[PDB]
Structures are given as structure tokens and as C-alpha cells.
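Everything below concerns the one structure shown next.
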Amino acid sequence: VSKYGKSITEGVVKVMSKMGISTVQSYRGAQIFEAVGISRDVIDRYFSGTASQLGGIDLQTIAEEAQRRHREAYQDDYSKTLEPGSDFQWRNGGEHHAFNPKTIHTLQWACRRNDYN
Amino acid sequence: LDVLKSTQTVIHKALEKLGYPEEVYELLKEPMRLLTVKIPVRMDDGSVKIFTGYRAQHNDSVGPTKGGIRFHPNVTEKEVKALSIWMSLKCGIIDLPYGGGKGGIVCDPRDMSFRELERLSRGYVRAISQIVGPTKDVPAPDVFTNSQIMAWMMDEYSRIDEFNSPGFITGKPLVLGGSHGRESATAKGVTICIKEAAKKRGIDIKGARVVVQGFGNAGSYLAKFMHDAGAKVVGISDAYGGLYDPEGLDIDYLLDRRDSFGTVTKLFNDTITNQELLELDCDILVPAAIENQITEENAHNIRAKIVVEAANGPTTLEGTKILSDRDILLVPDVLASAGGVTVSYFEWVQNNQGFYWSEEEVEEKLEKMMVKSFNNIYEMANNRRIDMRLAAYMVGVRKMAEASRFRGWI
Amino acid sequence: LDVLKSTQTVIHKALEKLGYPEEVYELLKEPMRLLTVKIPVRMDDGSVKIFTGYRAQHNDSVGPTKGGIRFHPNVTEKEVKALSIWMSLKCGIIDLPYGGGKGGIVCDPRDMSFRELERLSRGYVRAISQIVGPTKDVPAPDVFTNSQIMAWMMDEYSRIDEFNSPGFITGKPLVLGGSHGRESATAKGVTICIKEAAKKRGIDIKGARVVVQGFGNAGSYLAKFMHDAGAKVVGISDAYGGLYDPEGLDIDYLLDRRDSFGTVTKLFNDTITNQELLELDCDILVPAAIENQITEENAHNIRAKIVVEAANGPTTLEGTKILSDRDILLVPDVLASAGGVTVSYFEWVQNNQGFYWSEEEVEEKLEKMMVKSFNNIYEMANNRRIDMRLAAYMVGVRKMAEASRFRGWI
Amino acid sequence: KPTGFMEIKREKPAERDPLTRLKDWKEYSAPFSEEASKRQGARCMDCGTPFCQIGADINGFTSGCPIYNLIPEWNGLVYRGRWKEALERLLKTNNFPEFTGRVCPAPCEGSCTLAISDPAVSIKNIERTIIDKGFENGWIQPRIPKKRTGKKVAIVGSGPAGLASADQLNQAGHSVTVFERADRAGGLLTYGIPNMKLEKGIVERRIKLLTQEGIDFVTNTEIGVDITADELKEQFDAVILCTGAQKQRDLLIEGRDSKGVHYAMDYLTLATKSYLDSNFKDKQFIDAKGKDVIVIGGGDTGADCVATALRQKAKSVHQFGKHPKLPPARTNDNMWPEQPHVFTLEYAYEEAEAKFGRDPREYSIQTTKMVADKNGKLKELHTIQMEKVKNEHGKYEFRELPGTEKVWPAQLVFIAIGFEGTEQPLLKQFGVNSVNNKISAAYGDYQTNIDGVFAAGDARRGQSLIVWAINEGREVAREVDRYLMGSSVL
Ligand SMILES: Cc1cc2nc3c(=O)[nH]c(=O)nc-3n(C[C@H](O)[C@H](O)[C@H](O)COP(=O)(O)OP(=O)(O)OC[C@H]3O[C@@H](n4cnc5c(N)ncnc54)[C@H](O)[C@@H]3O)c2cc1C
Ligand code: SF4
Ligand code: SF4
């Protein structure tokens, strides 16, 4: 527990150092995030001061997403295991990635053969 | 599960060593008055849940009884009786006019709210007001309990008795009539005990190497007192690690930077685990941290000449035997951690007298009591070839048994 | 072992039938104040043995508590709590201002001596004097207890309170301020109950055939009262057998020849066992003898229209079900054997008032109370399609639960 | 810092010696010991974007474990030494480890990242070791799903796909029944695959576990003439058609009428049934102890036929195949993302080479056959050499060499050159439509023309592997669960 707390504090300090705010007290008020995909109305209502370009999803969509996740997780009536993540690695059936094995080996084969098709 | 049986066994051993008959053991094995009550309570939502209460008076031959109160959700009758006997042993060791006792409530302060705790305490007093009074019982602060609960209890007992009784309950706020130094009592007690132990063993306090693992209020105040006295601190530890410096650690700076929790370790610096901290060279070691730390594996690695168990039973029987064989002085926790009881007694005396002492007077009286008790137990433990834990238990039981014999219950 | 669980289950059933929430069950399942004490005692030889005491107050919302005291060597906390709840049910059924309770001591009156019993009782009162008083508790006679012990207890409470309190304890000797008819209370209660049951079921009391197995004081007085009323007795039994005569048995002669024990069987004459006695033709059957007599085998053989369980649970659940199916009125023991409690209450009222009534006044008041209670329970049991035992338990718990709800503990 | 892939050299478990492999009908290999298994598991380098899990058709050949085994995860767990967790992770996805480990040809071994110029990690052997140790320790116990809703699915066919679908449906909570013609359930796993590969004790144990779950198999029900499709539909809501693919193509060449020519499937089924019945003492099988044996049609079927003939102690065995002998290493037109085509030398061939001293040779390739002999039994077989040549537009063509005619003595002959779709038009009681004897359906959404009829396994896949069958069974189980109850996570 102590090591996890220390590591998380070190990470928070690193994130602070990324921006340049050297005080947690200052960063606390500071809103240094840029929502990517949140509607302008929602940003003005709840995240005033945050920068958003494309607007995006709404409160109803966020609620629907949360409810879907909660319902699936509390259903979970088939197995006692956590599905494998796909944030930092590719696992079949997981989150799609730009460089999947299909694309990788197709590109390699085409490049090595000099074939255009 | 084994707490009551262990308490009974140690009491039996002490009585056997004293040589009194088995009647005293028969009388003292069990508390003489155990009360179980049910406290109605109203929640914020309006629903009513019933909390189970407890109260035990181990003995009152010496005089008025005393005991703490823990809002621990796993409090049971066996634990309550064991704690009552333990508090009686503390009182006997310190030579107070208290008999001993303990109370408790089955609840969860975590999910409980502020007003709900207020109502809970008030219902508890309304429930047990009959067998509780200035000459019968005296609550005191304990686990999940503090000055606000003490003040509510005092206010209600004033209401029910129709006259002010500040001496009814100890551990009150300063404005309500509390006693100064209520927070540094344990630190002062351990400071006196370490000083006297060093004097008796010949270790000069000036320049003595000290290690204090566990840097709560007790650890912080103990370090400050050691620095003021002159002894150098060569180790501190907390929930986030520890440090090490053979030539001091600037206790003034450490206390200045001390936060609310007492955490002191740096952020981007490696720390030393308590397991390796225990092995560091030092004259006196002061485990005031999680229990069950000194065991067989580290018994051969310990190096301190004096070990003070400020915590509650941090060691085990095997470690105690190994230390005794190695001839390392082991201060019993019963005597190490009696500062709280002593300051509570002083607070009660101040309330009864109606006049409040000062910090210097409290300091002098507390150190006098502690040095006298430690000298008595040390003399008895050297007169009889036994362990200091056995000497402490024997001395504590002596007063209770002898007072019972005078009063003629046996 | 199962007494406490059975009591809790029947209480739960009664509360469920009433329809109150589960909070009343949570509060009433367990007595609100159980005290365990140790009583020092000096024997004739000079040695000291410690007796374990007990005391339980099931509830005091209605008013002052009440309970007996048994010097039974196997008394335990479970039995004490069960008896406290049972006494509370009795008080609720009879509609008294009592809440309920019970005390006891772990000892053996057999090997105990006279002066030693005196000292034992006196030490018991000195032990539990704090939570016992005219507005808090009221001891009463019970198993292995009688007028001499009541008188000693009264004398000591007078000593400790410094003023006379004859109403402190019931069941005292006549000269000390007792109440007349203390010995025939159970007989009078069962006489009223049998009369009312016969009236309600249409069985004419004049010429009614009656069987009374168990010829102690209760049986003797019941037979005498039946003979005075007009009903003929066609069977009696005791520890040495029984008799049988369809046209009377000269109850006057039987009572005249009655010995100290109540044995009446001849010497050189064959007798009838209780098993065959139960089967004899009769209108009303009154088992006042060893428990566990009416069972499945004799349920089909029983022939009486009205069965009164003057004893404590002489029947079983299977027998009760069979009798209910056969449509045989079954008087609950709780109502059958409440004469002792009623006369004790009258004695307490007389002491509190300071003026003593007469036999006729006690007779009239007792019969009025008994007839009113029996009529109320009969009406409720006919309004709700249930067994009379369930009706008795329900009526008894109604008053306690409703008083608690008024007083706001829930 | 894992470095096993270069600091360790791939090894193999303790195999029974070939010279004694021909006497006892038992498993010819054993799993790794603890230390060896840990060392082999350490080789895998926590491979990011693993190529052992793609499981998709690539250039006409499979690559990666189709059932998506969490290969990196349980390899890491095997290395770490926690075995119950590895078993749990394996059983999360796979349902028949005891068959997949000791049957599957392991395309995952052939195609992964570490297979670039170096031996691959023994995924198959690690899986087999995990499952065998789990079974030995008895951690596997029936699940007995508490929840159950009255329904009825009547899976048909006891093959691996049918068993997987039945297990998934039973875990879902729908009662199922398995209709099978053969005496014992299992399908190919019982009779087709040899005792060598799959000792039937393990199959029987797994079927008993399924019965304990409550599958409630029914035997000797060809669900054709015996039971009509209309009654089956009326009595059961859905039907998972795991009908199998057992029709084998025949060589339309003159001379294939004389007695002696036999089918590989029928011969293997007869031999396995005889062994399971009375240790082949019933004398109701095909014997070749004193006769020559020739098998036509290379592949797993040919290997199994050769092994069975060798165990029957035939005097001589020769395997024939048109495809030219494979090269000894990767070629220009073959790459590691694709399943390799290197010389394999699996079981039943090294054993033949070792045992045969007079003729220590095998793999007679580049010629299949033509018109055989006549006059009762087979006396001789004619053969001619063919070579793969480019024609038209660089298209492969088979042209015979006129001067390479040869004669071989053959009295018993087997044909295992391939297989066809399901047994159609025999099972025309339903309205399903077939294109090339295979019932028509697409990967996912197996709902065919008639409601409640779902394709599965080789019936729609043509010829595939047990892992493919298991994947199809799981997917069709999910599809039918969604069709019935609408919502189902898996
Ligand atoms: C290493 C390896 C080796 C292999 N070796 C062989 C081999 O030697 N021979 C071979 O043929 N395949 C072999 N295969 C292929 C494999 O056995 C099959 O592709 C697959 O197992 C069959 O799947 P299935 O679910 O259709 O099982 P199947 O057994 O095909 O399922 C059909 C089941 O239903 C029964 N059935 C038949 N007709 C009907 C009907 N009308 N109604 C109801 N039930 C019916 C069948 O008898 C059978 O029990 C091998 C595969 C691998 C990976
Ligand atoms: S089933 Fe086959 S491909 Fe999948 S992991 Fe096992 S051996 Fe490899
Ligand atoms: S088998 Fe190959 S792709 Fe799979 S985890 Fe190991 S190195 Fe990576």
C-alpha cells in the first residue's frame, strides 16, 4: 500500500512537471485537460473553461454508456474471469488497433514481393 | 477467541507465584458485574436500528471502577472481559485507586454519521445510567472515541443527575475542564521508563543511540523528548518507510516538517523497511508499530540493549525467551503504555478537587509516579528470578488480591 | 438447551400473527439486563466457597419487574432468560403492571445447611442490592424457596435501606405481613378456569365427572373446591397410584385422611396407574403431575371434553394437534397456573397500601381477574382461527409490545 | 528482462522408444516435468501483438490458434509457476483442452513471432502439461449451473463441435440432447482418430463429466429414417446440425471393384471398435498381418492408416501422394505469417523407418496410381510419375511421365484422398440447401433457410480441425442463445 501510494504521488508529480505547474495546490484548481469529443453545451455547463473542438457526445450518451457497462458487469453469469485488456497490446476480439497482424503481414508481403495488388 | 483463556492463564501463573490460595483466582478470573443492554437509535432516514451495548466491572474492592469504550464492530463479551482484566492489571501496576473495567458498543463509526453518533452515545448513557456514577464508574477515551464523545457523555450525565459532575468522565476538552498534556502522556511515560532503564543498566543517556519505528503522536513526542534530553535519534519509521543516520537526524526539522499523519519519508528517495530497520545498530529499540514484529527470525538479529514495547504485545513468547536468554532488558507494555491511564487519573483528581494544575506540575507528578512504579517492579523482578512480564503481572495482581482479602469477600 | 430457542420461536410466531414489525421481536428476544455475580459464603467448617448468582429483567416498560428465585444446582443463563420471558408472558396474559424477570443461584440446598442457607441468601441480597428495589424489582417464592427465605430477604433489605419495606418482597409469612390464601391460589385459579370453560362449552358443572391426577396441595384444594361447588370427582391419583368410583369418592373423607404428602392409596388394595387413569370416562381431565404424559398413543384414548394443564407443559405438540382435531378444549398452562402470580400481586398491592384484605375479598378479586382474563382470551381465540396456546402467547405479547411502542424505545 | 528465447534451446518431452512404440496401444508421449515446463514457458517473451492468436484463414491455410487461447498469458503463468490460475485462464476460452493439446497440429507453433529463423515455443506441449496436471490433481469438477430455464435444443452429432455446443448451452441453462448413431459419443475423437493419438479413456472421462453436467446423451439414433425431421422440430425448438462430414470422394478409375480395396474411415472405425470391445479378439475387423498395405492419399488419414497397418504388423507399407515432396526449410513463396510447408516427420514415419530394416524408407511420392489388377484379390498395382508444371498463364498442371511406369505388389489398398460434405441427399428431411454437398451458411449468423436449423462444424466448413470445430460450436451456441433469449453475453 505504501509503495503504491508513493508511486502514484511520483506519477502525479511527473504529470505536473509535464505542464510546468510545480505545486499540487496550484494544479488542483488548474484545469489542464482538453476534452476530445464532449459537446460544447456540456463543457460550458459542467467543465467550464475546458477546451473542446468538435463538441461530441452528450449527457444522455454518457449515461447510456455507463448503464450498458454496469448492466453487463452485473450480469456476468458465465465465467469468473476478467476479459483481457487491449489498451497496450492487441488481443483478438479486443479493442481495434491501427497495426493489426493482418495489416502488418500484408504490408510486409507486398513490400517484399513488389506486388501492387 | 483465546484472549480470555490467555488472561486467565497469566492471572493463574501470577497468583501461583504469589502463593495465595485458589479462592482469589476463583474470584478474579471473571468480572463481577457484566451488563448487556440494547440502545434504540434513530437514523437520518427515520428508520430505527438497535445497537448492542456492553459494560464490565472487573472489581471494585479498591474503589471506583474505570474503563474505556470502543465502538469496534467486532466487540464481544469475551473481549470486553479480557480488556477489563487487562485494565485492572494496568491500574494495579500503576498503584491507582481504580479497580478496572471496560465498555463497548457493537456499531460501525465508519458508516455512522455525526448526529447519529451523538444520539448513539446519548442512548448508551441513558441505558447504563443506573450502575454508573462518580463513585461507581468512570468512562474514558479509547478506540473510536475522543473528546467530543466525552463531552456529550458529560453533558448528558449532568442532565440526568441534575448537577454538574465534571469529574464523572475523563478525557474531556480543555475548555470543559480537561487536563493539559493529554496527548503526550504515553510519550512522557516511555521517556521516563527509557531514562530509568538506561540508568539501571548503566547505559549513558547522553549520546545513546535510539530507534523509534512508528511515528504517530507517540513517536513524534518521544523523539522530541529524547532530543531535548540529549540522546541522539538514529532512526525513524512510519507508514511510508524510514531513514538512517548514525550522527543524528535533525529531529527539530523532522517535527517542523511533520504533517497531520506524521509521514516524513521523502518522495524520490529509497526507504528502509522496518524489518531491516530493526537490525540497525542502536542502544535502545522502541517498537511502537504493528503487532507481531519481533519473532524467532529477528530475535537473533536484534541488537538493542533495551527494548520498550510501547505498543500492545508487539513481541511473542519465543522472542521474549530469546531476548531473556540474550540478557536484553525487555520493558513490559503494561508499564510502557500506562501514561494515558496516569494522565486520566490526574484529570479525574483535578476535577474532583475543583482546581486545575499546570503543565509543570503534571510533568513532575507523572514522572514521580512512573519512576516509583518502575523502580518497584525492577526491584521485585531482580529479587525473584523471573521475567519482567511476570513481575508486572504479579505486582498488578498483588494489590487487587490483598484488598479483596482485607474487604473479606473471600 | 432448546428452551431459549423455543421461547424465541413462539415469540416470533406471536409477533408475526399480530403483524408488528421486526423491531419489537429484536427488542423482546433477549432480556434487557442480565447480571452475573459471585457471592462469598462461609461454611460451618470455616472454609469459603463461592456461589454463582444470576438475575434477569426481561423488560420494565410496563413498570416494576418481578421474578422468582430457584436454588437449582443446574441453573444456567439460558434457562434464566427463558424463565424471564415465560414470566413476562404470564404477566402479560394476566394483565398485571409487571414486566417479568427471574433470578437464581448455583447451589445445592440438599447438602446446604440452615445457617449456611441464611448466609447464602443474605450474601445474594448484599450482592444484587443495587439494581433491586420497590420500583425496580420484586423477588417471589419459587423452586427450593419459601417463606423463611422470603423473610430473611425482607429483613436484609430493611437493614440495607434503613426503612421498612414489606412490599419489597412477596410471599412473606402471615405475621410479617403476608396475604391469606397463598397456598390455594393455583387451586382457585384452576377452579375458576374449569368453571368458565364448562360454562362456555355448555357442560353443566353440576354432576360433571372430574379426574384429578396428582394429589399435592393443588390437587387436594382443587378437589375440595369442586366438591364444594357441586361437581363430582370420579378419580384421584398420587405417587402411590389412584382410585376409581363413578358415583363419587367422599372427598371430605379423603381430605380428612390426607397425610403430609397427600398420599391416599390403601395398603393391601390394588391401584390404577395414571396411564389407564387417563382413559377413564370423565367430562374434565386435569393433569397436574409429571410432564410429558399426553402423547400420540394416549391422544386417541383421551375422552375428556375439557383438558386443563395445571402443570408446566404436560402435553406435546402432537398431542395438542390431535386434541385440536378432535375438538377437545385445551386450557393453556400459562393461564391455568397463574394463581400464584395473581396472589403474589395481591400481596404486593396489600403491602404497598399498608392495609390487609380478608379471605373473601381476595377470593372475589382473584375470581374476577381470572374470569375476565379467560373470557378475553377465549373471545380472541374464537375471533382468530388459532389454538388457545397461540392465543395466550399473542395476548401476552400484545401488552408488552404496545407499551414499548408507546414508551418509544423502538 | 526475459531472455529465454536466446538463453534457452527448445526441447521435447520423454517419448517412448520407437522400437517399443509398436507393441502397446497407449499414448506415445508424456507431458513435461515441472522444471522442463517452466523452462519452456520462459521462452515466450511477453510478445506484444502476438501472432499465435490471429486465428484466421491466410493464403488458404490456417495460422494461429482459432479458439483464441490466451497463449502469452498462460505461458507467463506457467513460467511463474502458478498452475491453477493458468488452468482457469485456459478453460476461460477453451473447453476441450485434453483433446486440443494432444490432437491439434498446433498452427500456433508454426506461426508466431519467435518462429523467425528459430524454433517456436511448444504451445501445444505446455497446454497438454497444464491440462494433464490439472486432471491429475483433480481441480476440474462439474460446474452444475444452478440457473435453468425449461428449453430444448437437441444437438445432433456427438463430434467435438456437438460436445462444445452442448456444454455451452448447458452452462447457459438450456436442456440439450445429443443424438448419435455410434455406440459411444465423441464422433471422430472415438473412432476416427487412432488410439495412439487419443486414448479413449480420456474421451470417456470427458463424456462422463458432460453427463454429470446433464447433457443426457442418447445412443444408436441415426435421426434419419428412425426419427423424422417434422417430429424433431415439433418436439424441440432449435436443432444444431453438427451432422458431420463423412462422405469420402472415390476414384472413378477402372479396377476399383475387386475385393480388398477398403475405405480408410471404415477400416479405422472397425479396428478401433474391435479394440475397444475385446482387444481386437472379436475377429470382425480387417486383418493385414501377412499381406502388403498401400495407402493412397497423403495427410493425417494416410499417416493414421500407415500407423494402424504397422501396428497390425503388415509385411510392407508404402504411402503414395501426388503433391511433390515438401522442402526442408522455408522457401521464397512461404513466410512465417503463413503456416510453413517444411518437412515434418511426425509419428508413424520415423517408427516405420526405424523398424523396417530391409526397406528403411517411406514417402514414395510423385505418383498415385491407375488401373489395378483383377481376378479376385489384388495382385499388383500400376503407377506412373507426374510432375507439377506451368501451363496457360503460369498455372500448375499435372502431366505424367510415359517412361516411368512401375509395378508394385499390393493385396490390400486404402483410399483417403480427401472428403466431401455432409451425408446428403440422405438427410433431406430438412429444407436446407447445399452447394457442394456442404450445407450453406456464413461464418456467424448460421440461421439457414428453415427456422431453428443451424449449421456447425465440418458440415459447413468442409474439412477442418478439432479447434475449428470447437470454435464453430461455441459461435453457434452463442447465436442460438441470442436467437432464443435475445440477450446473451456469450
Ligand atoms: C490431428 C488431426 C487428425 C485428424 N485425423 C482425422 C482422421 O484420421 N480422419 C478423419 O476423418 N478426420 C480427421 N481429422 C478431422 C477431424 O476429426 C474432423 O474435422 C472433426 O473432428 C469433425 O468434427 P464434427 O463435430 O463434425 O465431428 P463428427 O464426428 O463429424 O460429427 C458427426 C457425428 O454424428 C454422427 N452422424 C453421422 N451421420 C449422422 C446423421 N445423419 N445424423 C446424426 N448423426 C450423424 C457421426 O457418426 C459422428 O458421431 C483430424 C483432425 C486433426 C486436427
Ligand atoms: S488448440 Fe492448437 S493452435 Fe490452439 S493453442 Fe492449442 S495447439 Fe496451439
Ligand atoms: S508464441 Fe510467438 S507470438 Fe505467441 S507469445 Fe510467444 S513469441 Fe509471441
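In the C-alpha cells, each chain is lettered A, B, ... as it comes, each chain's residues begin at 1, and ligands are numbered from 1 in order of appearance.
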Set out as a tab-separated table a contact list for chain A and chain D with a cut-off of 7 Å, giving each residue of chain A that qualifies its closest atom pair and distance in Å to one decimal, counting only C-alpha atoms, ordered by chain and rising residue number.
residue	atom	partner	partner_atom	distance
A:89	CA	D:48	CA	5.6
A:90	CA	D:49	CA	4.7
A:91	CA	D:49	CA	6.9
A:92	CA	D:54	CA	6.4
A:101	CA	D:51	CA	6.8
A:105	CA	D:337	CA	6.5
For ligand 2, return the neighbouring residues as a ChimeraX atom specification (distance at most 8 Å; only C-alpha atoms and all ligand atoms). /D:52-53,63-69,71,94,97,100-109,123-125,127,467
With only C-alpha atoms considered, list every residue of chain B at most 12 Å from chain A, as JSON, numbers by chain. {"B": [238, 239, 240, 241, 242, 263, 265, 266, 267, 268, 269, 270, 271, 272, 273]}
From a DSSP calculation on the backbone, collect every residue of range 243-416 of chain D in strand (DSSP E) and output the set as a PyMOL selection string. chain D and resi 261-263+293-296+317-321+364-365+381-383+386-391+395-400+406-408+412-415
Residues near residue 48 in chain C, cut-off 12 Å, only C-alpha atoms, skip fewer than 3 positions along chain, as a list in words: residues 21, 22, 23, 24, 26, 27, 408, 409 and 410 of chain B; 39, 40, 41, 42, 43, 44, 45, 51, 116, 119 and 120 of chain C
Let's have the selection written as a CSV table (one decimal), in the first residue's frame, with N, CA, C and O atoms.
chain,number,residue,atom,x,y,z
B,21,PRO,N,-4.1,-18.7,48.1
B,21,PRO,CA,-5.0,-19.8,47.8
B,21,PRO,C,-5.7,-19.7,46.4
B,21,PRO,O,-5.5,-18.7,45.7
B,22,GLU,N,-6.5,-20.7,46.1
B,22,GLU,CA,-7.2,-20.7,44.8
B,22,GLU,C,-8.5,-19.9,44.9
B,22,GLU,O,-9.1,-19.6,43.9
B,23,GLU,N,-8.9,-19.4,46.1
B,23,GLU,CA,-10.1,-18.6,46.2
B,23,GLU,C,-10.0,-17.3,45.5
B,23,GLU,O,-10.9,-16.8,44.8
B,24,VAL,N,-8.8,-16.6,45.6
B,24,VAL,CA,-8.6,-15.4,44.9
B,24,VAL,C,-8.6,-15.6,43.4
B,24,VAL,O,-9.2,-14.7,42.7
B,26,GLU,N,-10.4,-17.9,41.9
B,26,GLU,CA,-11.8,-18.1,41.6
B,26,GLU,C,-12.5,-16.8,41.5
B,26,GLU,O,-13.4,-16.7,40.6
B,27,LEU,N,-12.2,-15.9,42.4
B,27,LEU,CA,-12.9,-14.6,42.4
B,27,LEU,C,-12.5,-13.7,41.2
B,27,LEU,O,-13.3,-13.0,40.6
B,408,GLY,N,-12.8,-8.9,52.8
B,408,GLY,CA,-13.4,-10.0,53.3
B,408,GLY,C,-14.4,-10.7,52.4
B,408,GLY,O,-15.1,-11.6,52.9
B,409,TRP,N,-14.4,-10.4,51.1
B,409,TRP,CA,-15.2,-11.2,50.2
B,409,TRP,C,-14.8,-12.6,50.1
B,409,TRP,O,-15.6,-13.5,49.7
B,410,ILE,N,-13.6,-13.0,50.5
B,410,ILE,CA,-13.1,-14.3,50.5
B,410,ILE,C,-12.8,-14.8,51.9
B,410,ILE,O,-13.7,-14.8,52.8
C,39,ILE,N,-21.1,-14.7,45.0
C,39,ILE,CA,-21.5,-14.5,46.4
C,39,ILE,C,-20.5,-15.2,47.3
C,39,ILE,O,-20.5,-16.5,47.3
C,40,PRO,N,-19.7,-14.5,48.1
C,40,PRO,CA,-18.9,-15.2,49.1
C,40,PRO,C,-19.8,-15.8,50.2
C,40,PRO,O,-20.8,-15.2,50.5
C,41,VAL,N,-19.4,-16.9,50.7
C,41,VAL,CA,-20.1,-17.6,51.8
C,41,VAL,C,-19.2,-18.3,52.7
C,41,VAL,O,-18.1,-18.8,52.3
C,42,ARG,N,-19.5,-18.4,54.0
C,42,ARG,CA,-18.7,-19.1,55.0
C,42,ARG,C,-19.5,-20.4,55.4
C,42,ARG,O,-20.7,-20.3,55.8
C,43,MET,N,-18.8,-21.5,55.3
C,43,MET,CA,-19.4,-22.8,55.7
C,43,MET,C,-19.3,-23.0,57.2
C,43,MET,O,-18.6,-22.3,57.9
C,44,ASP,N,-19.9,-24.1,57.7
C,44,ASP,CA,-19.7,-24.4,59.1
C,44,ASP,C,-18.3,-24.8,59.5
C,44,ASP,O,-17.8,-24.4,60.5
C,45,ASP,N,-17.6,-25.5,58.6
C,45,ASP,CA,-16.2,-25.9,58.9
C,45,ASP,C,-15.3,-24.7,58.8
C,45,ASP,O,-14.1,-24.8,59.2
C,51,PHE,N,-20.5,-19.1,45.4
C,51,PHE,CA,-21.7,-19.5,44.6
C,51,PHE,C,-21.9,-18.4,43.5
C,51,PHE,O,-21.8,-17.2,43.7
C,116,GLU,N,-26.2,-21.9,56.8
C,116,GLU,CA,-25.5,-21.6,55.5
C,116,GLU,C,-26.4,-21.1,54.5
C,116,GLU,O,-26.1,-20.2,53.7
C,119,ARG,N,-27.0,-17.4,55.3
C,119,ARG,CA,-25.9,-16.6,54.9
C,119,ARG,C,-25.9,-16.5,53.4
C,119,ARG,O,-25.5,-15.4,52.8
C,120,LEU,N,-26.2,-17.6,52.7
C,120,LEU,CA,-26.2,-17.5,51.2
C,120,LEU,C,-27.2,-16.5,50.7
C,120,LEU,O,-26.9,-15.7,49.8
Members of range 5-103 of chain A assigned helix (DSSP H, G or I) by DSSP, as a ChimeraX atom specification: /A:5-19,24-29,40-46,59-75,101-103
